[PDB]
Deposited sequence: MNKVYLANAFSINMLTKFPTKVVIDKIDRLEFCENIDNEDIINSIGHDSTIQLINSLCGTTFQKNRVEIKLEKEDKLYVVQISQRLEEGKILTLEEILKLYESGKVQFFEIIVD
């Protein structure tokens, strides 16, 4: 089981077919809880994104692009849409689980 963070989900991440995926819209509390750990693989490359999540979840990610390829049992966490004030200002958080 590996767990990724990105700004979107794409069909291009899936390796095996046919594949079942469960998708849920989650709140900021759930989102910050599950991304705040050592094993999560960050694939968000825009700094403004990286700041937005570091501000709202009090984490320390650095902009790091990776081409992620999801396998059975992998999880993907997605944020969709600076300084503190701006970040507080529209945003959604999703959880994607592969089977």
property: Deposited positions lacking CA coordinates; result: 1, 83 to 91, 100 to 104
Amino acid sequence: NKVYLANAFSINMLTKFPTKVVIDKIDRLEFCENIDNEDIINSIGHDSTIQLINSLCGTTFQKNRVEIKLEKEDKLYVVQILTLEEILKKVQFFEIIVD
From here on, numbers count along this sequence of modelled residues.
{"item": "Stretch with the higher entry mean CA B-factor, where the candidates are 23 to 31 and 51 to 59", "value": "51 to 59"}
{"item": "Average Cα temperature factor in the PDB entry - higher stretch of 68 to 76, 40 to 48", "value": "40 to 48"}
{"item": "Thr15, C-alpha B-factor rank within chain (lowest, middle or highest third)", "value": "middle"}
